[PDB]
There are 2 protein chains.
Amino acid sequence: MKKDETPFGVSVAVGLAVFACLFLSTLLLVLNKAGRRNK
Amino acid sequence: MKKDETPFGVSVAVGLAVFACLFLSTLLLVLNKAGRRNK
């Protein structure tokens with residue numbers, strides 16, 4: 001429940017986070033909309 | 001051809017990577033097919 005939190009690869013955490021953030025945003029909208037949009 | 005390679009957030013890089021990996025796998029699959037499935 002309680003642990004440290006030191007800096008480790010900023011550029012890495014930034015990029016990776018952004019990517020993961022999009023993945024969660026896409027799936028979230030997919031379910032909410034419950035309907036894929038065609039061309 | 002020659003670059004550094006020091007440790008930086010292992011548990012973080014591992015988890016984040018996995019997440020991003022799945023995101024790319026999903027987009028690649030849907031795009032690869034390039035065709036929506038009807039009822």
# chains A, B, ... in the order shown; residues from 1 in each chain; ligands from 1

call {"tool": "calpha_fit_and_write", "arguments": {"fixed": "chain B", "moving": "chain A", "output": "PDB file with C-alpha atoms, in the first residue's frame"}}
result
ATOM      1  CA  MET A   1      23.462   3.772 -33.533  1.00  0.00           C
ATOM      2  CA  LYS A   2      25.261   2.664 -30.368  1.00  0.00           C
ATOM      3  CA  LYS A   3      24.053   3.682 -26.909  1.00  0.00           C
ATOM      4  CA  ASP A   4      23.851   2.362 -23.346  1.00  0.00           C
ATOM      5  CA  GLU A   5      20.985   0.276 -21.968  1.00  0.00           C
ATOM      6  CA  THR A   6      20.498   0.260 -18.196  1.00  0.00           C
ATOM      7  CA  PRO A   7      17.454  -0.904 -16.190  1.00  0.00           C
ATOM      8  CA  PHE A   8      14.788   1.696 -15.407  1.00  0.00           C
ATOM      9  CA  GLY A   9      11.386   0.874 -13.949  1.00  0.00           C
ATOM     10  CA  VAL A  10      10.666  -2.752 -14.811  1.00  0.00           C
ATOM     11  CA  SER A  11       7.021  -2.876 -13.731  1.00  0.00           C
ATOM     12  CA  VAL A  12       6.540   0.277 -15.804  1.00  0.00           C
ATOM     13  CA  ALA A  13       8.247  -0.948 -18.974  1.00  0.00           C
ATOM     14  CA  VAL A  14       6.384  -4.249 -18.648  1.00  0.00           C
ATOM     15  CA  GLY A  15       2.905  -2.776 -18.332  1.00  0.00           C
ATOM     16  CA  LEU A  16       3.430   0.015 -20.852  1.00  0.00           C
ATOM     17  CA  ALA A  17       4.954  -2.385 -23.377  1.00  0.00           C
ATOM     18  CA  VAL A  18       2.023  -4.789 -23.068  1.00  0.00           C
ATOM     19  CA  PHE A  19      -0.432  -1.966 -23.747  1.00  0.00           C
ATOM     20  CA  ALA A  20       1.470  -0.682 -26.781  1.00  0.00           C
ATOM     21  CA  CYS A  21       1.879  -4.254 -28.021  1.00  0.00           C
ATOM     22  CA  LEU A  22      -1.900  -4.693 -28.092  1.00  0.00           C
ATOM     23  CA  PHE A  23      -2.430  -1.398 -29.918  1.00  0.00           C
ATOM     24  CA  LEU A  24      -0.065  -2.482 -32.694  1.00  0.00           C
ATOM     25  CA  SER A  25      -1.684  -5.922 -32.815  1.00  0.00           C
ATOM     26  CA  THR A  26      -5.166  -4.434 -33.169  1.00  0.00           C
ATOM     27  CA  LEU A  27      -4.251  -2.027 -35.967  1.00  0.00           C
ATOM     28  CA  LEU A  28      -2.259  -4.760 -37.709  1.00  0.00           C
ATOM     29  CA  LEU A  29      -5.258  -7.100 -37.777  1.00  0.00           C
ATOM     30  CA  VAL A  30      -7.627  -4.293 -38.763  1.00  0.00           C
ATOM     31  CA  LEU A  31      -5.646  -3.607 -41.935  1.00  0.00           C
ATOM     32  CA  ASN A  32      -5.009  -7.273 -42.724  1.00  0.00           C
ATOM     33  CA  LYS A  33      -8.695  -8.133 -42.344  1.00  0.00           C
ATOM     34  CA  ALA A  34      -9.774  -4.859 -43.949  1.00  0.00           C
ATOM     35  CA  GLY A  35     -13.222  -5.385 -42.461  1.00  0.00           C
ATOM     36  CA  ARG A  36     -14.714  -4.579 -39.065  1.00  0.00           C
ATOM     37  CA  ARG A  37     -16.771  -7.297 -37.375  1.00  0.00           C
ATOM     38  CA  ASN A  38     -20.257  -6.287 -36.235  1.00  0.00           C
ATOM     39  CA  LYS A  39     -22.001  -7.528 -33.090  1.00  0.00           C
TER      40      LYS A  39
END

call {"tool": "select_by_dssp", "arguments": {"residues": "chain B", "states": "helix (DSSP H, G or I)", "output": "ChimeraX atom specification"}}
result
/B:10-33

call {"tool": "write_last_selection", "arguments": {"atoms": "C-alpha atoms", "output": "short mmCIF file (atom, residue, chain, number, x, y, z; two decimals), in the first residue's frame"}}
result
data_model
loop_
_atom_site.label_atom_id
_atom_site.label_comp_id
_atom_site.auth_asym_id
_atom_site.auth_seq_id
_atom_site.Cartn_x
_atom_site.Cartn_y
_atom_site.Cartn_z
CA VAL B 10 11.74 -2.27 -14.93
CA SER B 11 8.29 -3.04 -13.53
CA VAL B 12 7.10 0.12 -15.28
CA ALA B 13 8.65 -0.57 -18.68
CA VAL B 14 7.35 -4.14 -18.50
CA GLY B 15 3.75 -3.26 -17.70
CA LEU B 16 3.57 -0.21 -19.96
CA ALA B 17 5.14 -2.12 -22.85
CA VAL B 18 2.64 -4.97 -22.53
CA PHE B 19 -0.25 -2.50 -22.65
CA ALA B 20 1.10 -0.67 -25.69
CA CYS B 21 1.86 -4.01 -27.35
CA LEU B 22 -1.80 -5.03 -27.12
CA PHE B 23 -2.98 -1.67 -28.48
CA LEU B 24 -0.84 -2.12 -31.59
CA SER B 25 -2.00 -5.72 -31.95
CA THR B 26 -5.64 -4.65 -31.94
CA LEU B 27 -5.23 -1.81 -34.44
CA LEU B 28 -3.08 -4.06 -36.63
CA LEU B 29 -5.71 -6.81 -36.64
CA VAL B 30 -8.64 -4.54 -37.49
CA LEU B 31 -6.60 -2.71 -40.12
CA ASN B 32 -5.14 -5.92 -41.53
CA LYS B 33 -8.65 -7.22 -42.23
#
